[PDB]
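Peer 1: 3D model of this:
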Amino acid sequence: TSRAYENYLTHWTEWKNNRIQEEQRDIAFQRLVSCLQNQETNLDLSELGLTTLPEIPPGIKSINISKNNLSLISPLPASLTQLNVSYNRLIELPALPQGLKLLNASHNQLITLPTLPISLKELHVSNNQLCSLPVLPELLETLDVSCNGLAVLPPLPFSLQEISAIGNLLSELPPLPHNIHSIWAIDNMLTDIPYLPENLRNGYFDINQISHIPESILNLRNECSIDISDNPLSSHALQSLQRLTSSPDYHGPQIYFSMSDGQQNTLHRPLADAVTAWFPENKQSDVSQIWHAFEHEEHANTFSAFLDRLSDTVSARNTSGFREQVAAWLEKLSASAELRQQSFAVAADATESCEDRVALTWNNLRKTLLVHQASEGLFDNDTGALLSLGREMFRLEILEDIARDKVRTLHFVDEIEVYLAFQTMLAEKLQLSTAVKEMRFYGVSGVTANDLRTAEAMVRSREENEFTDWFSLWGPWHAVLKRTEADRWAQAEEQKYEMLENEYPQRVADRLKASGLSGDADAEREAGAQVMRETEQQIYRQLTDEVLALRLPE
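Peer 2: Numbers count the residues shown, from 1 in each chain. See the structure here:
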């Protein structure tokens, strides 16, 4: 019994009369009729609360049944294009007609969604329980997925111009087709901004987990507004953006910002915390008791300053949460034996000349440790260990040169997070034990696939001529020398004294003539500095070359 004319008619009457509520059953039956009787292709009968729905006539182009109480839906005409089921609660969605351009189901129940036909140009789903999206016809220019929890946001059509998911639980986004113009996400969890095509007027992300600014944002038109308010951003990133924004000439596309961790952190001297605990957890395992006594201290505040500052980039927890280099170190200061004094005293010069910037400081702590490790006697004549560290430590050294060099091109990135990127990636290439060894894409901005192996090559180079000279001036190396070979160490000064006495002033003169800089009250000083530096390099290379040397038969 495929549909006849009257077949509807009898069945409809049964639908109006059986189970009338106070009114609205039959009123649709008047509507069902006039849409049939006058052949009008579309019908609303949305307002009138109706438990269920009857059969539909074949010639229908649109159906507006919405704002009802309707548990489920009947069979659809193929002929259908516009469908609004919106506000009536719906637990399941029937099979769709090919030619539907417009489609809406909002404020409804179902978790499950079916296959959208090619001709479909529009999809609205506003409040829902669905967590999973099927295939989108490339034809589709509108996606309202907002407000219902979604982890997985599928591919987007070639043709999508609009995307809205608010309140979804999605972790990251797919990259967006060029047509895309307006974008909305709030109350989500979002790694980062996925490249944002230049057509775009407004993307919106208030979803307070995004770590950094893609820096590809400044390619976008003047009245173009995007929103990064309430995201965790480095004091550096925000401050940078702000300075960048208050500008004689135009910011970029107007971007909307936040405030974040209280009151101006990379402007000078705002605050200092105490015994900042990144330690195995908020589990202190006796800590803050132990670092309490130090709280009354001198030089402890300077240290407190670069405890926040170094936290800021890696307190994102990013890469390994805690103990990445974190918890093992401050247990070393816990014993002191001059170590702390050592650590605190270096921490002051972070804010001293070199003025304000970082990353030499973190390097320098590790050096001051070895300086201490070596000194307290940990190298007996075992040089082998001390060989591989210095060689490693040189690599780490050269990389901070590199970060500093890239970080003055990029304004959205702390100097250290650039570095913090290289350390984990090159961890394989260049042997690195001080590598936390793994997190992939937190390797931030800049950091070209190539520039990563443009750096490896670089350090591969300096290692060659420059390293042998490196060890001889290094820290710990001296700390081992004074202990094991005292005489030769001593005779090294005997000789350093000599040059200072003898050729030193002349050595300078010679040097200044060749700079044509003799007048300068300024260059005369870098003259000694170079000579004083050079002969130290000279002296202490002799000193090392001997200490470890192979030539036997005579």
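
Peer 1: How are the strands of the stretch 251-400 of the chain distributed by residue range?
Peer 2: For the stretch 251-400 of the chain, the strands defined by DSSP state E, counting those that start in this stretch cover 255-256.

Peer 1: Quick one: distance of the strand or helix carrying residue 526 to the chain centre.
Peer 2: When elements are assigned from DSSP states H and E, residue 526 belongs to helix 523-547. For helix 523-547, the separation from the chain centroid amounts to 43 Å (computed by CA atoms, centre = their mean, to the nearest Å).

Peer 1: Counting neighbours, which bits of that helix end up buried?
Peer 2: Within helix 523-547, the residues that qualify as buried are 524, 527, 528, 531, 535, 539, 540, 543, 544, 547, counting by 16 or more other CB atoms under 10 Å. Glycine gets a C-beta too; all of them are placed from N, C-alpha and C.

Peer 1: what does stretch 444-458 give?
Peer 2: Result for stretch 444-458 [16+ other CB under 10 Å]: buried residues 444, 445, 446, 447, 452, 455, 456.

Peer 1: Ok, stretch 83-98 next?
Peer 2: 83, 84, 85, 86, 87, 88, 90, 93, 96, 97.

Peer 1: which residue sits closest to residue 236, ignoring its sequence neighbours?
Peer 2: Excluding the flanking residues, the one nearest residue 236 by CB to CB, 6 or more residues apart in numbering is residue 414, at 4.3 Å.

Peer 1: In strands, which of the buried residues of stretch 83-98 fall?
Peer 2: 83, 84 (DSSP state E).

Peer 1: Among the buried residues of stretch 83-98, which one sits closest to residue 114?
Peer 2: Distance to residue 114, by CB to CB, is smallest for residue 93 among the buried residues of stretch 83-98, at 5.5 Å.

Peer 1: quick one: contacts for the closest one?
Peer 2: By CB atoms under 8 Å, 6 or more residues apart in numbering, the contact set of residue 93 is 73, 105, 110, 112, 113, 114.

Peer 1: Ramachandran angles for the third one?
Peer 2: So that's residue 110. phi -50, psi 140 (degrees, to the nearest 10).

Peer 1: Check the burial of it by counting its neighbours.
Peer 2: Residues lying near residue 110 (other CB atoms under 10 Å) number 17.

Peer 1: Pretty sure residue 308 sits against residue 274.
Peer 2: No - judged on CB atoms under 8 Å, residue 308 makes no contact with residue 274 at a distance of 10.5 Å.

Peer 1: ok, the two, which is more surrounded?
Peer 2: Shown here are residue 308 and residue 274; by other CB under 10 Å, residue 308 has more neighbours (18 against 14).

Peer 1: Relative to residue 265, how far out is that one?
Peer 2: Residue 308 sits at a distance of 7 Å from residue 265 (criterion: CB to CB, to the nearest Å).

Peer 1: so what sits against both of the two?
Peer 2: Listed as contacting both residue 308 and residue 265 by CB under 8 Å, 6+ apart are residue 271.

Peer 1: just to revisit the earlier point, out of the buried residues of stretch 83-98, flag the one nearest to residue 15.
Peer 2: residue 88 (16.4 Å).

Peer 1: So what does that closest one have for phi and psi?
Peer 2: Dihedral angles (degrees, to the nearest 10) for residue 88: phi -60, psi 130.

Peer 1: contacting residues around it?
Peer 2: Applying CB under 8 Å, 6+ apart, the residues near residue 88 are 65, 66, 67, 68, 69, 70, 108.

Peer 1: try 6 Å
Peer 2: By CB atoms under 6 Å, 6 or more residues apart in numbering, the contact list for residue 88 reads 68, 69, 70.

Peer 1: So residue 509 belongs to a helix, correct?
Peer 2: Yes - under DSSP: H, G, I helix; E, B strand; the rest coil, residue 509 falls within a helix.

Peer 1: Next one: residue 255 relative to residue 390, how far apart?
Peer 2: 45 Å.

Peer 1: ah, wrong one, I meant residue 517
Peer 2: 35 Å.

Peer 1: Same question for residue 271.
Peer 2: 37 Å.

Peer 1: And stretch 335-353, how far out from the chain middle?
Peer 2: 31 Å.

Peer 1: how far does that stretch stretch from start to finish?
Peer 2: This stretch, stretch 335-353, spans 29 Å end to end (CA to CA, to the nearest Å).

Peer 1: So which bits of it are buried?
Peer 2: Buried residues in stretch 335-353, counted by 16+ other CB under 10 Å: 339, 340, 342, 343, 344, 346, 347, 350, 351.
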